[PDB]
Every structure is written in structure tokens, then in C-alpha cells.
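For reference, the chains in residue letters:
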Amino acid sequence: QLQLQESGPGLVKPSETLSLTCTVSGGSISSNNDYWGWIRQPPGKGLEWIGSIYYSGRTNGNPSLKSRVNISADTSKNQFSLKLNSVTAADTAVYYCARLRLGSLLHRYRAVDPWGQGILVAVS
Amino acid sequence: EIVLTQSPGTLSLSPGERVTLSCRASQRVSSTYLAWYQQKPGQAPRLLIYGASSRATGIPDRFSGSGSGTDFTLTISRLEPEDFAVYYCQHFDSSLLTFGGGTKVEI
Amino acid sequence: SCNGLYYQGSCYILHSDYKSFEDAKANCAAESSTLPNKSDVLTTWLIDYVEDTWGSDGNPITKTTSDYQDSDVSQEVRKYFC
Amino acid sequence: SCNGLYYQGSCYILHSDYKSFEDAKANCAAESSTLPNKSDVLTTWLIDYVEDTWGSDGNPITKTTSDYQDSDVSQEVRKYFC
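Residues numbered from 1 in each chain as written, not as in the entry; some residues may be left out. Chains lettered and ligands numbered in written order. Heavy atoms only, no water. Residues with missing side-chain atoms left out of burial classes, pairs and counts.

What the deposited record gives as its method is cryo-EM, and the resolution it gives is 3.08 Å.

Quick look at the structure:
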């Protein structure tokens, strides 16, 4: 049982920074075999991968957003957070915090099985 | 870089038939990277197939996957009422992750 | 001095052909061997190799000391050691 | 004794953490060791363990001669054996 829960505001103003934090219950973010990522779905559109993080500190992000994404991880509080600056009205969407599984040496599991409930963020 | 295109945007099917959903890749992509997800309205996506052939835990035997190279297919033999949802094909390689446009199963 | 992993005498031999739990146990018994026990591998380096591989208890080996039991492992296929 | 695999006097130690190619090379140099050579492990039993693991050639070790050449792989991260 590994559950992911999202917390943050849903009233981000234009030209400001979002603050979303996902906390995991039933597991430890220190998992050598899994990354922890954020994926945003605009309302009634396809999914988009907005970033990922490794417990060590390595960050990978989609180039179109690479400039504006600053993901962070805190192992002691067991929380991983996303910060998106210079927001624009096109960013309104439901944001999911998921676990990007890479798999063990012998078992290869390339997929995001556990997803959070998701948090909807809009703009003024 | 890698873009996955799902040619059929929507499909019309009555319950019980077999449905094949196709995902194509701009460049050759290994099977282990591909995955197939399902998403109902108002709910988070749930993994259906990983590796293009392996069923996730709890996935019925109806769902199956096949293909290679630049063409992969997800086949559902029996379409129960629950199976009607959006289906996504994903490419992951421990690096940039890409998602398909999605295909909706309706009547 | 065996073709696998050595820890405190016991030798672990990898089988790369995906098999169910019952088939894995049958093969291991046919080779005069038994599947690894979770207790002996949880706190040792062997875990890094035997993660997501079958165990004697009937569930895949996972690092967590206590985890929710899916109980649907019947239809899963994974590699095994013995 | 070697805490991992053994094959004609070469002890292979796994590093579970995912890292890039240059990071793997630097870490290997730190421990006075070098990454596995593809030719050294192509026909032997170690391959099943080393699959999808970095090699000295700069690409993942794959048993099949076929490889997805002309594709940038420097941005990827994989386990390394040394």
C-alpha cells in the first residue's frame, strides 16, 4: 500500500509561483528503483509530463517547461514539491503526483502505477 | 524528440466485441519502454499494460498487448461497460517521458 | 565457487525464464533446491539482486518489512532463484 | 571474499543507485575499478545479471548485436556494476 496525496493552493495568480507538495504514505521516497514525478492534464485534453525527481537530487524535465520548473525533494519530511514560475493562463490543469517506476535489476517496470488524486489549479 | 501518435481519435463499439487500439512511434522504440494506461472521467489513470505484453496487478485477462518497432496494439477481447474509457500509450526510458494523444471508446 | 551468488554457503542460481510461483517451485525442487526465504535476504546485499523475484512464502520479495498483501499474485510471472 | 559475482578473478560489485555514464565512470575510478567490458561478458552467465547495465563502451550492455545506434544515450541513467 503506497498512497500519494497532493496539497497546495488552487488560486495561483498570473506571474506568480505555484506551490504543490505531494506526500506519500505507506512507503519511503528513498526508493532506488523509482523516481517521483509531476504530470499535468489540462481539462479535457491529453496528459503532459511536467517533471521528475530522484531522491539524490537529480532533476529531469520536459524542455518546453525546463526553464520554469524547480522540483525539490525532502526525505526527512518525505515530501516532494513542484514550483512553476511565470505562470500563464494556459497552465490551468489537474496536477498529479506519481511514481515513475524504473524497476529492479531483474524485473523491469517502466510505468507510473500509483497516481495521486490530483489537484486542480486555475488562474485569475 | 519521440512522439507517439494514435491515429483513431474515437471509436464506436457495442459491448462484447474485440477492440484493437494502435500506437505508432516516430522512431523505433523498444517494447520494454511502451506502456498502456486507461483513464475514466474524474479519476486518475490506472496502469493496464507495461512492457507492451505484461498485465499489471489486478488487470483482467481481457486486456492484452502486442507489437514492436513503430507499431504497438492493445487488444480487449470483451468490452464490459467499465472498459469504456480513454486509453493512452506512453514511452518511458528513465528519461523524457512522452504520452499519446489518447483514444476514447464509446458507442 | 558456483555460477551465481554465494552467501553463508547457500548458492543462488538465477533462472531468466519467467514462470509462475508454482512452476518456479516445481523447477527448483526438480533441481534439488528451494526458493529463497525473505528473512535470510532482507538485511543483506542479496536483496538488491533478488528484488521482484519469487520467494518461498509465495509473494515477490520486497524490501518493505510490512506491506499490504495484494493476494492476486497468482497470475503474476517473475524470475526466480534457487 | 567478493561481496558479489566472481568470474576468473574479477569481482563485480553492484551499485543500485541510478547514475549517468560519466558519473558511473567517475565513481568507478574512485574505487580503483573499471566498468565491465561488453566483450568480456557476452557469452557467459553473467550477462543475465548485467543486462541493462552500463558498459565501458559507453552504451548499455545488450546481448543482441542489434543496437539502437545514432540515438543519444548520454542523458539516460542506469545501474552500473563496479
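From this point, the discussion proceeds with the structure in view.
1. Let's talk about the interface of chain D and chain A
Interfaces are often sized by the amount of accessible area the parts lose when they come together. Every contact between the two is made by 14 residues of chain D and, on the other side, 13 residues of chain A. Carbon and sulfur atoms supply 46% of the area buried between chain D and chain A, which totals about 1,000 Å² over both sides. Three residues stand out in chain D for area buried against chain A, namely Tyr18, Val77 and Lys79 of chain D, and they jointly supply 45% of the buried area on that side. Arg110 of chain A serves as the salt-bridge partner of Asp52 of chain D, at 3.5 Å between the closest nitrogen and oxygen. At the junction of chain D with chain A, the criterion picks out four residue pairs in polar contact. Looking at the side of chain D that touches chain A, the elements that each hand over two or more residues are β3 (14-19), α2 (47-50) and β4 (78-81) of chain D. Here the side of chain D that touches chain A gets four residues from one element, more than from any other, and that element is β3 of chain D. (Contact = heavy atoms within 4.5 Å. Buried area = accessible area lost by both parts, 1.4 Å probe. Salt bridge = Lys/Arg side-chain N within 4 Å of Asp/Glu carboxyl O. Polar contact = N/O pair within 3.5 Å; in protein donor to acceptor, adjacent residues only side chain to side chain. Helix = DSSP H or I, 4+ residues; strand = E, 2+ residues; numbered from the N terminus.)

2. Overview of the environment of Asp34 of chain A
Residues and elements named next belong to chain A. The topology assignment puts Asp34 in strand β3 (residues 34-41). Taking relative accessible area as the criterion, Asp34 reaches 3% and is therefore assigned buried. Leave out the neighbours within four places in its chain, and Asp34 touches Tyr54, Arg99, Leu100, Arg101 and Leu102. At 2.9 Å, the side chain of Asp34 and the side chain of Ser31 are in polar contact. In terms of polar contacts, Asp34 uses its side chain to reach the side chain of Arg101, at 3.2 Å. (Buried < 20%, exposed > 50% of the residue type's maximum accessible area, 1.4 Å probe, protein only.)

3. Description of helix α1 (residues 21-30) of chain C
Residue and element names in this part refer to chain C. Buried residues of α1: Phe21, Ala24 and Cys28, and no others. In an axial view of α1, the angular spread of the buried residues amounts to 65 degrees, which keeps them on one side of the axis. Exposed and oriented more than 90 degrees from the buried face of α1 are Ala29 and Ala30. Its buried side turned inward, α1 meets β3 (14-19) and β4 (78-81). Of the residues one or two after α1, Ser32 is the one with positive phi, at around 50 degrees. (Arc of directions from axis to C-beta.)

4. Some remarks on empty space enclosed by the protein
Looking at the largest cavity, its volume works out to about 60 Å³. Lining the largest cavity are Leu102, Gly103, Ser104, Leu105, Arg108 and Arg110 of chain A together with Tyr18, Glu51, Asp52, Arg78 and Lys79 of chain D. Its residues assigned to classes, the lining of the largest cavity shows three nonpolar, two polar and six charged. A volume near 40 Å³ is recorded for the second largest cavity. Contributing to the lining of the second largest cavity are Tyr35, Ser52, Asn60 and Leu100 of chain A together with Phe92, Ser94 and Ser95 of chain B. For the lining of the second largest cavity, a count of residues per class yields three nonpolar, four polar and no charged. (1 Å grid on protein atoms, 1.4 Å probe; cavity = no way out; pocket = protein on both sides within 12 Å on 5 of 7 lines; lining within 4 Å. Points joined across faces, edges and corners; volume = space filled by probe spheres on them. Nonpolar A, V, L, I, M, F, W, Y, C, P; charged D, E, K, R; others polar.)

5. Points about the sheet that holds strand β6 (residues 72-74) of chain A
Residue and element names in this part refer to chain A. On the basis of which strands lie adjacent, the open sheet formed by four strands has the order β1-β2-β7-β6 and antiparallel pairing. Among the strands making up the open sheet, the edge pair consists of β1 (3-7) and β6. Averaged over all neighbouring strand pairs, the angle between strand axes comes to 20 degrees, with direction disregarded. Pairing between strand β2 (residues 20-25) and strand β7 (residues 79-82): four bridges, direction antiparallel. When the bridges of β7 are listed, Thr21 appears paired with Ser81. (Pairing = 2+ DSSP bridges. Axes fitted to C-alpha atoms, helices over the stretch in contact; angles between N-to-C directions.)

6. A closer look at the state of the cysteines
Tallied over the entire structure, the rule returns six disulfides over all chains. One disulfide bridge connects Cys22 of chain A with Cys97 of chain A, the sulfur atoms lying 2.0 Å from each other. Looking along the S-S bond of the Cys22 of chain A-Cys97 of chain A disulfide, the torsion reads about 45 degrees, which is the right-handed sense. Separated by 75 residues along the polypeptide, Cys22 of chain A in strand β2 and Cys97 of chain A in strand β8 (residues 93-101) bring together distant segments of the chain. Each member of the pair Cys22 of chain A and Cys97 of chain A is classed as buried. The residue that forms a disulfide with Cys28 of chain C is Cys82 of chain C, at a sulfur-sulfur distance of 2.0 Å. Judged by the torsion about the S-S bond (-70 degrees), the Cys28 of chain C/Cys82 of chain C disulfide is left-handed. Linking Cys28 of chain C in helix α1 with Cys82 of chain C in the segment after β4, this pair joins segments that are 54 residues apart in sequence. Assigned by exposure class, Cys28 of chain C and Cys82 of chain C land together as buried. For chain C, the bonded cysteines pair up as 1-2, 3-4 when numbered in the order they occur along the sequence. (Disulfide = S-S within 2.5 Å.)

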